[PDB]
Amino acid sequence: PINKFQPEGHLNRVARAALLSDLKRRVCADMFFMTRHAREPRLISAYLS
Amino acid sequence: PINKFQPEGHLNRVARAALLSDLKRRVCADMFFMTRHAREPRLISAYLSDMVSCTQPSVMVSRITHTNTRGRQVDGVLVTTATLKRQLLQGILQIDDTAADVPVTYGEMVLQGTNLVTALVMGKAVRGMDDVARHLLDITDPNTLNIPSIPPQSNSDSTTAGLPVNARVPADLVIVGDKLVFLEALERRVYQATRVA
Amino acid sequence: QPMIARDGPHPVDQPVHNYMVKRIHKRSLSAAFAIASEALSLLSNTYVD
Amino acid sequence: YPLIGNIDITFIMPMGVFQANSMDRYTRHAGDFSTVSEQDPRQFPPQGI
Amino acid sequence: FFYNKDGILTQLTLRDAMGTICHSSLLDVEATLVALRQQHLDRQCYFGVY
Amino acid sequence: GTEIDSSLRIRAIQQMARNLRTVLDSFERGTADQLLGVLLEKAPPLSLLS
Amino acid sequence: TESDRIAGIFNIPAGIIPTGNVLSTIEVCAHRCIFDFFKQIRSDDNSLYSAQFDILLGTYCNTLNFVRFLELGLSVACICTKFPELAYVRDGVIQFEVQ
Amino acid sequence: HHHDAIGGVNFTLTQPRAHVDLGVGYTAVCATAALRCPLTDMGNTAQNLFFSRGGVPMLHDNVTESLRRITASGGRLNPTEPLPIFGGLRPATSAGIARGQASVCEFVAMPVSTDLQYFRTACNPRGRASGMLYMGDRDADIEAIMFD
Amino acid sequence: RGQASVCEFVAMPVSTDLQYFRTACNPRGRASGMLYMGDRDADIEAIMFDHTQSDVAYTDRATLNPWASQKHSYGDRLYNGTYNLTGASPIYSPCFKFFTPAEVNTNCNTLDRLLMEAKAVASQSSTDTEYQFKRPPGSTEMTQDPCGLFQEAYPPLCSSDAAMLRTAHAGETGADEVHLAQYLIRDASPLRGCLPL
Amino acid sequence: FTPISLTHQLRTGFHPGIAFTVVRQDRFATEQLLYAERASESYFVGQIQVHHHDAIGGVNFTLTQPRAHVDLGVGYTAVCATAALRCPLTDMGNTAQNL
């Protein structure tokens, strides 16, 4: 999400706060991706790419 | 829905009110039509075709135009975000070609002769004053052999110099409905490592 | 525009020609390029150095 | 354009019908629409649709 | 009660509307009276106003 | 036969020919419209005919 | 305003060949109350060099596509036949004999 | 038809034509297929019966005037306030229209103890089913179905 | 978690029909706008402020609330941009666009003027600050703005009780509308499947 | 209904005889979807001239170029629509406006 959300860098307060909330949600979600989405053979090949 | 639910125009109060209610319902419904209906490629491919075949074409004067390798000329450009380009190309739209023939030369204009003296003396000018004057004089001065023929067409008599050449350029072309369009999501060629959003 | 002929209690239509005039809109493009004063002193030696 | 023709459909609704038979005024459950009032304001004859 | 940007429960109560209804603009009736006096008024009865 | 009224006369006859071409095209355009009208008046509905 | 309108069209000298020779070279500044736009320059001036102009970038006109009734798919639902003396027909009839 | 016009001359080109259906049975079948937007409003627009003149009036004119005054209150379409004699009693025009042409609702009186299962299917608002569709022995069986 | 959005409070009577807020509604209590003409020129002022006639949309009543919908009511004297009561405030008012009569020329038709106003209009708030201030002088950023040309506002998933906002199934949220005197207004915004709970 | 008494009632927990609507405007980041036709614009390119001025280190060269664009389409030759939704920039909080 750091290289996806911001184009270049040096964001203001609001963009950094929204990016930080997105970072919190993303690091809460996809931490055990291979023991959670083990049944789906497409999500693993989608996140490895 | 303005283009569809109004056939010709000159709508009265009742038809405009019904059209306004349809406009409100449509702008409430089709707001995030691609990130919402992501699991149904059929609806996305159905509304992209409506988007492409819902705009009127333009004038048709050209010498060398953009085309694919086979020879079919292209019908426009569908400029996207790279994520939306990837989502379109993975399972929704089909690739028609990988390389295209684009023109290289620009095609310049200049004022000289009658256009130069017309711009300097009276302060007006026109594209191809020699050709317009030649057509007007050859449709006005001579006898009935040449006068009763004024076809609205590209014409383009004389028009010395030019360069009709094409170059093969790698770019992905998709097809939607019956139209062949470009699909460019230009974010690395331009707007990359520079301060512009 | 084309025309269509019809009968009954409908007025007889005659074809309509339209004339439209559009105008140009002028924009620009600008880009900067700086030369340091030391480089200017180096490139204006005039057969001394 | 023809084949875009119109149709007319007429709708009918009764307004002040009170089910006069005492065997017809049934509720399908005990607490279907309970209230706080000591008299239920639904046994009264209706006045609107 | 409604939901935040992240899905957190938030609450707006009547104490929040205290920055709007407890202003001096609640008693700014003079422009309204000036606009109302410039209309067409009929001779109404004066039992409850006199 | 002056050199300025000739262009106006040519524009007049060109406008007249351009008008008359669409006037003659209008009958071929309207024959299908009349056929659609009289075929719509002549057709019973399927839901009662079947 | 009217003087500016007079001077606006067909701007001053702009390098045109002279037509007639003006005789009696005298002081023209004294009787300046003739003509419509009088401008006197000492030696030279930078307002003699102007080249602004208007340009027309082309006219676009479309041609109609004429339709023919036979080419449509609606022509299969009728048998068209000509009859020049139709205005003198009182009540034409058709007949059927079905067993 | 060479005919004079506002500025110049108007040429009206008139062509006559005729049609015969040369089929023994029925040779054209139409059917409604799709549904576009409804052109009317499904609102609550009560029909005002004060638009008509001709019936017997009440003896007191102030009773009729006051009755029209209360009837006009709480409704959309009403006769205009000066009551234009020698006129059509058109309702006063309004501002812009939101969701289409308003459809009026006509009220039919009927007893309270009415079988409610009659209105759950395709019914007839008169209360008794009628029409030309039921015949078989005579000609004047339409006033016997409708009124006898 | 981002720039804080201010909330403006509009007074109204207690016994207000609650079904008006269950769809896309107007905060003024009376539907207004330039979108309903076709007969004369001075009809936009008769829709917005003349209460002799009925409402255009909910056409059996004059206005939902009589405290913020007349010519010189409390909400109209508080939130109109003509009177300029809040001029010295540097803070954006989100109900400024719902109360201010926009500048209108009557020459064009409604549809082309609507398409002209449907484009990416300039912003009315600030981005780099932290309180949603007024538009800074000379800031250039274009936002596609729905519900500002239709003069409507979409109700989100809100309720008067936290108990009925969530059901006990480890999954979907609640859907019961009214329990005893509380209420749960279901989501009518375009964000039906977004903004996770 | 005095505003001091309204302050007392709103602080204590009383419910005065009035009700409110909140209005809250929110921003969202959206990825758009633009389509353009073939002969959508005519784009005229001028000639480039330079500008010269000093700076804090040396001199600055400003290269400028005038250009003009014409939309030579009869109808509408470009259609855009919002396609996707990113994270909302603003907060959907409860910040009461102070008058």
# chains A, B, ... in the order shown; residues from 1 in each chain; ligands from 1

call {"tool": "closest_atom_pairs", "arguments": {"of": "chain I", "to": "chain J", "cutoff": "8 Å", "atoms": "only C-alpha atoms", "output": "CSV"}}
result
residue,atom,partner,partner_atom,distance
I:1,CA,J:91,CA,6.4
I:2,CA,J:90,CA,4.9
I:3,CA,J:90,CA,4.5
I:4,CA,J:91,CA,4.8
I:5,CA,J:91,CA,5.9
I:6,CA,J:95,CA,5.0
I:7,CA,J:24,CA,4.9
I:8,CA,J:23,CA,5.2
I:9,CA,J:22,CA,4.9
I:10,CA,J:20,CA,5.2
I:11,CA,J:20,CA,4.7
I:12,CA,J:19,CA,5.3
I:13,CA,J:18,CA,5.4
I:14,CA,J:19,CA,5.2
I:27,CA,J:21,CA,7.2
I:86,CA,J:99,CA,7.7
I:89,CA,J:99,CA,7.8
I:94,CA,J:25,CA,5.7
I:95,CA,J:23,CA,6.4

call {"tool": "residues_around", "arguments": {"residues": "residue J:49", "least_positions_apart": "2", "cutoff": "10 Å", "atoms": "only C-alpha atoms", "output": "list in words"}}
result
residues 46, 47, 51, 62, 63, 64, 65 and 66 of chain J

call {"tool": "select_by_dssp", "arguments": {"residues": "stretch 35-181 of chain B", "states": "helix (DSSP H, G or I)", "output": "MDAnalysis selection string"}}
result
chainID B and resid 35:36 41:52 82:91 114:121 129:140

call {"tool": "residues_around", "arguments": {"residues": "stretch 103-115 of chain B", "least_positions_apart": "3", "cutoff": "9 Å", "atoms": "only C-alpha atoms", "output": "list in words"}}
result
residues 64, 65, 66, 118, 119, 120, 124, 125, 126, 127, 128, 129, 130, 162, 163, 164, 165, 166 and 167 of chain B

call {"tool": "closest_residue", "arguments": {"among": "D:36, D:20, D:15, D:30", "to": "chain H", "atoms": "only C-alpha atoms"}}
result
D:20

call {"tool": "interface_residues", "arguments": {"of": "chain F", "to": "chain B", "cutoff": "8 Å", "atoms": "only C-alpha atoms", "output": "list in words"}}
result
residues 6, 7, 10 and 14 of chain F

call {"tool": "residues_around", "arguments": {"residues": "stretch 41-50 of chain F", "least_positions_apart": "3", "cutoff": "10 Å", "atoms": "only C-alpha atoms", "output": "ChimeraX atom specification"}}
result
/F:35-38 /H:21,26-32

call {"tool": "atom_distance", "arguments": {"atom1": "atom CA of residue D:45", "atom2": "atom CA of residue D:25"}}
result
11.1 Å

call {"tool": "closest_residue", "arguments": {"among": "G:22, G:34, G:43, G:55", "to": "chain B", "atoms": "only C-alpha atoms"}}
result
G:55

call {"tool": "closest_atom_pairs", "arguments": {"of": "chain I", "to": "chain B", "cutoff": "10 Å", "atoms": "only C-alpha atoms", "output": "CSV"}}
result
residue,atom,partner,partner_atom,distance
I:24,CA,B:28,CA,9.4
I:35,CA,B:20,CA,8.3
I:36,CA,B:17,CA,7.7
I:37,CA,B:13,CA,7.8
I:38,CA,B:13,CA,6.7
I:39,CA,B:13,CA,8.7
I:109,CA,B:10,CA,9.6
I:110,CA,B:16,CA,9.0
I:111,CA,B:2,CA,8.0
I:115,CA,B:2,CA,9.8
I:146,CA,B:27,CA,8.1
I:147,CA,B:24,CA,9.2
I:150,CA,B:24,CA,7.7
I:152,CA,B:24,CA,9.7
I:154,CA,B:28,CA,9.5
I:188,CA,B:28,CA,9.0
I:189,CA,B:28,CA,7.8
I:190,CA,B:28,CA,6.0
I:191,CA,B:32,CA,8.6
I:192,CA,B:36,CA,9.1
I:193,CA,B:36,CA,7.0
I:194,CA,B:36,CA,8.2

call {"tool": "write_last_selection", "arguments": {"atoms": "C-alpha atoms", "output": "PDB file, in the first residue's frame"}}
result
ATOM      1  CA  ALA I  24     -32.777  10.261  -1.077  1.00  0.00           C
ATOM      2  CA  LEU I  35     -34.431  21.404 -13.151  1.00  0.00           C
ATOM      3  CA  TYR I  36     -38.225  22.015 -13.256  1.00  0.00           C
ATOM      4  CA  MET I  37     -39.121  24.707 -15.809  1.00  0.00           C
ATOM      5  CA  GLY I  38     -40.338  24.872 -19.404  1.00  0.00           C
ATOM      6  CA  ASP I  39     -43.115  27.463 -19.257  1.00  0.00           C
ATOM      7  CA  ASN I 109     -32.461  24.266 -22.617  1.00  0.00           C
ATOM      8  CA  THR I 110     -32.480  22.219 -19.419  1.00  0.00           C
ATOM      9  CA  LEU I 111     -30.657  19.152 -20.768  1.00  0.00           C
ATOM     10  CA  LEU I 115     -24.734  18.372 -19.006  1.00  0.00           C
ATOM     11  CA  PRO I 146     -23.153  14.250  -7.648  1.00  0.00           C
ATOM     12  CA  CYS I 147     -26.149  15.244  -5.481  1.00  0.00           C
ATOM     13  CA  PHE I 150     -29.978  17.289  -8.114  1.00  0.00           C
ATOM     14  CA  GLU I 152     -30.461  15.709  -2.825  1.00  0.00           C
ATOM     15  CA  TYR I 154     -28.382  10.279   0.650  1.00  0.00           C
ATOM     16  CA  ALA I 188     -29.676   4.466   0.515  1.00  0.00           C
ATOM     17  CA  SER I 189     -26.287   5.929  -0.449  1.00  0.00           C
ATOM     18  CA  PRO I 190     -24.276   4.665  -3.449  1.00  0.00           C
ATOM     19  CA  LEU I 191     -21.985   2.999  -0.859  1.00  0.00           C
ATOM     20  CA  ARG I 192     -24.168  -0.062  -0.396  1.00  0.00           C
ATOM     21  CA  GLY I 193     -21.434  -2.698  -0.719  1.00  0.00           C
ATOM     22  CA  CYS I 194     -18.512  -0.525   0.441  1.00  0.00           C
TER      23      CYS I 194
END

call {"tool": "closest_atom_pairs", "arguments": {"of": "chain B", "to": "chain D", "cutoff": "12 Å", "atoms": "only C-alpha atoms", "output": "CSV"}}
result
residue,atom,partner,partner_atom,distance
B:5,CA,D:4,CA,10.9
B:6,CA,D:1,CA,11.2
B:7,CA,D:1,CA,8.0
B:8,CA,D:1,CA,9.6

call {"tool": "closest_atom_pairs", "arguments": {"of": "chain E", "to": "chain J", "cutoff": "12 Å", "atoms": "only C-alpha atoms", "output": "Markdown table"}}
result
| residue | atom | partner | partner_atom | distance |
| --- | --- | --- | --- | --- |
| E:1 | CA | J:94 | CA | 10.4 |
| E:2 | CA | J:92 | CA | 9.2 |
| E:3 | CA | J:92 | CA | 7.7 |
| E:4 | CA | J:92 | CA | 5.2 |
| E:5 | CA | J:92 | CA | 5.4 |
| E:6 | CA | J:92 | CA | 8.9 |
| E:7 | CA | J:92 | CA | 9.6 |
| E:8 | CA | J:93 | CA | 9.6 |
| E:9 | CA | J:93 | CA | 9.7 |
| E:10 | CA | J:93 | CA | 7.2 |
| E:11 | CA | J:94 | CA | 7.3 |
| E:12 | CA | J:94 | CA | 6.3 |
| E:13 | CA | J:10 | CA | 9.2 |
| E:14 | CA | J:10 | CA | 6.4 |
| E:15 | CA | J:10 | CA | 5.3 |
| E:16 | CA | J:96 | CA | 5.6 |
| E:17 | CA | J:96 | CA | 6.9 |
| E:18 | CA | J:7 | CA | 6.9 |
| E:19 | CA | J:98 | CA | 4.7 |
| E:20 | CA | J:99 | CA | 5.8 |
| E:21 | CA | J:3 | CA | 7.2 |
| E:22 | CA | J:3 | CA | 4.8 |
| E:23 | CA | J:99 | CA | 6.8 |
| E:24 | CA | J:3 | CA | 8.2 |
| E:25 | CA | J:99 | CA | 9.0 |
| E:26 | CA | J:3 | CA | 8.0 |
| E:27 | CA | J:3 | CA | 9.3 |

call {"tool": "write_last_selection", "arguments": {"atoms": "N, CA and C atoms", "output": "PDB file, in the first residue's frame"}}
result
ATOM      1  N   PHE E   1     -26.998   7.012  16.014  1.00  0.00           N
ATOM      2  CA  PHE E   1     -25.802   6.180  15.995  1.00  0.00           C
ATOM      3  C   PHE E   1     -25.484   5.801  14.557  1.00  0.00           C
ATOM      4  N   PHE E   2     -24.221   5.943  14.168  1.00  0.00           N
ATOM      5  CA  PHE E   2     -23.805   5.625  12.808  1.00  0.00           C
ATOM      6  C   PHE E   2     -22.384   5.078  12.865  1.00  0.00           C
ATOM      7  N   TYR E   3     -21.818   4.789  11.698  1.00  0.00           N
ATOM      8  CA  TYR E   3     -20.522   4.137  11.596  1.00  0.00           C
ATOM      9  C   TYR E   3     -19.479   5.103  11.052  1.00  0.00           C
ATOM     10  N   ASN E   4     -18.234   4.898  11.469  1.00  0.00           N
ATOM     11  CA  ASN E   4     -17.120   5.764  11.109  1.00  0.00           C
ATOM     12  C   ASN E   4     -16.605   5.389   9.717  1.00  0.00           C
ATOM     13  N   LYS E   5     -15.475   5.983   9.327  1.00  0.00           N
ATOM     14  CA  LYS E   5     -14.789   5.584   8.104  1.00  0.00           C
ATOM     15  C   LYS E   5     -14.256   4.160   8.213  1.00  0.00           C
ATOM     16  N   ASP E   6     -13.735   3.793   9.381  1.00  0.00           N
ATOM     17  CA  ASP E   6     -13.175   2.469   9.613  1.00  0.00           C
ATOM     18  C   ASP E   6     -14.201   1.464  10.119  1.00  0.00           C
ATOM     19  N   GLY E   7     -15.447   1.878  10.327  1.00  0.00           N
ATOM     20  CA  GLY E   7     -16.460   1.004  10.880  1.00  0.00           C
ATOM     21  C   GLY E   7     -16.671   1.123  12.372  1.00  0.00           C
ATOM     22  N   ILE E   8     -16.121   2.150  13.008  1.00  0.00           N
ATOM     23  CA  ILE E   8     -16.245   2.329  14.450  1.00  0.00           C
ATOM     24  C   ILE E   8     -17.581   2.993  14.753  1.00  0.00           C
ATOM     25  N   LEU E   9     -18.224   2.570  15.838  1.00  0.00           N
ATOM     26  CA  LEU E   9     -19.489   3.170  16.239  1.00  0.00           C
ATOM     27  C   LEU E   9     -19.263   4.573  16.791  1.00  0.00           C
ATOM     28  N   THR E  10     -20.032   5.534  16.287  1.00  0.00           N
ATOM     29  CA  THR E  10     -20.004   6.906  16.772  1.00  0.00           C
ATOM     30  C   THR E  10     -21.421   7.349  17.102  1.00  0.00           C
ATOM     31  N   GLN E  11     -21.523   8.434  17.866  1.00  0.00           N
ATOM     32  CA  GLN E  11     -22.814   8.923  18.328  1.00  0.00           C
ATOM     33  C   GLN E  11     -22.874  10.436  18.209  1.00  0.00           C
ATOM     34  N   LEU E  12     -23.965  10.935  17.638  1.00  0.00           N
ATOM     35  CA  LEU E  12     -24.301  12.353  17.653  1.00  0.00           C
ATOM     36  C   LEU E  12     -25.526  12.534  18.536  1.00  0.00           C
ATOM     37  N   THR E  13     -25.398  13.354  19.570  1.00  0.00           N
ATOM     38  CA  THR E  13     -26.484  13.623  20.499  1.00  0.00           C
ATOM     39  C   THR E  13     -26.945  15.068  20.342  1.00  0.00           C
ATOM     40  N   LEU E  14     -27.905  15.466  21.181  1.00  0.00           N
ATOM     41  CA  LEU E  14     -28.441  16.820  21.087  1.00  0.00           C
ATOM     42  C   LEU E  14     -27.473  17.855  21.640  1.00  0.00           C
ATOM     43  N   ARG E  15     -26.495  17.425  22.440  1.00  0.00           N
ATOM     44  CA  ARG E  15     -25.478  18.339  22.948  1.00  0.00           C
ATOM     45  C   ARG E  15     -24.555  18.840  21.842  1.00  0.00           C
ATOM     46  N   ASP E  16     -24.516  18.157  20.696  1.00  0.00           N
ATOM     47  CA  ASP E  16     -23.716  18.635  19.575  1.00  0.00           C
ATOM     48  C   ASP E  16     -24.374  19.815  18.867  1.00  0.00           C
ATOM     49  N   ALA E  17     -25.708  19.894  18.873  1.00  0.00           N
ATOM     50  CA  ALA E  17     -26.426  20.987  18.216  1.00  0.00           C
ATOM     51  C   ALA E  17     -26.447  22.269  19.042  1.00  0.00           C
ATOM     52  N   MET E  18     -25.632  22.325  20.088  1.00  0.00           N
ATOM     53  CA  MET E  18     -25.522  23.448  21.002  1.00  0.00           C
ATOM     54  C   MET E  18     -24.618  24.551  20.459  1.00  0.00           C
ATOM     55  N   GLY E  19     -23.796  24.252  19.456  1.00  0.00           N
ATOM     56  CA  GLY E  19     -23.035  25.286  18.788  1.00  0.00           C
ATOM     57  C   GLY E  19     -23.782  26.011  17.695  1.00  0.00           C
ATOM     58  N   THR E  20     -25.012  25.589  17.415  1.00  0.00           N
ATOM     59  CA  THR E  20     -25.860  26.168  16.379  1.00  0.00           C
ATOM     60  C   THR E  20     -27.114  26.827  16.929  1.00  0.00           C
ATOM     61  N   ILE E  21     -27.845  26.143  17.816  1.00  0.00           N
ATOM     62  CA  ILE E  21     -29.098  26.681  18.338  1.00  0.00           C
ATOM     63  C   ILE E  21     -28.895  27.590  19.544  1.00  0.00           C
ATOM     64  N   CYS E  22     -27.722  27.569  20.173  1.00  0.00           N
ATOM     65  CA  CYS E  22     -27.430  28.449  21.302  1.00  0.00           C
ATOM     66  C   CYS E  22     -26.549  29.617  20.885  1.00  0.00           C
ATOM     67  N   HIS E  23     -26.775  30.140  19.688  1.00  0.00           N
ATOM     68  CA  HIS E  23     -26.100  31.330  19.197  1.00  0.00           C
ATOM     69  C   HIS E  23     -27.018  32.539  19.365  1.00  0.00           C
ATOM     70  N   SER E  24     -26.468  33.723  19.093  1.00  0.00           N
ATOM     71  CA  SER E  24     -27.264  34.944  19.097  1.00  0.00           C
ATOM     72  C   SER E  24     -28.128  35.085  17.850  1.00  0.00           C
ATOM     73  N   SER E  25     -27.949  34.217  16.852  1.00  0.00           N
ATOM     74  CA  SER E  25     -28.733  34.265  15.626  1.00  0.00           C
ATOM     75  C   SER E  25     -30.112  33.640  15.774  1.00  0.00           C
ATOM     76  N   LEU E  26     -30.406  33.011  16.915  1.00  0.00           N
ATOM     77  CA  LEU E  26     -31.760  32.564  17.214  1.00  0.00           C
ATOM     78  C   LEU E  26     -32.709  33.724  17.482  1.00  0.00           C
ATOM     79  N   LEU E  27     -32.181  34.907  17.787  1.00  0.00           N
ATOM     80  CA  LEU E  27     -32.957  36.093  18.137  1.00  0.00           C
ATOM     81  C   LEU E  27     -32.600  37.244  17.202  1.00  0.00           C
TER      82      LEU E  27
END
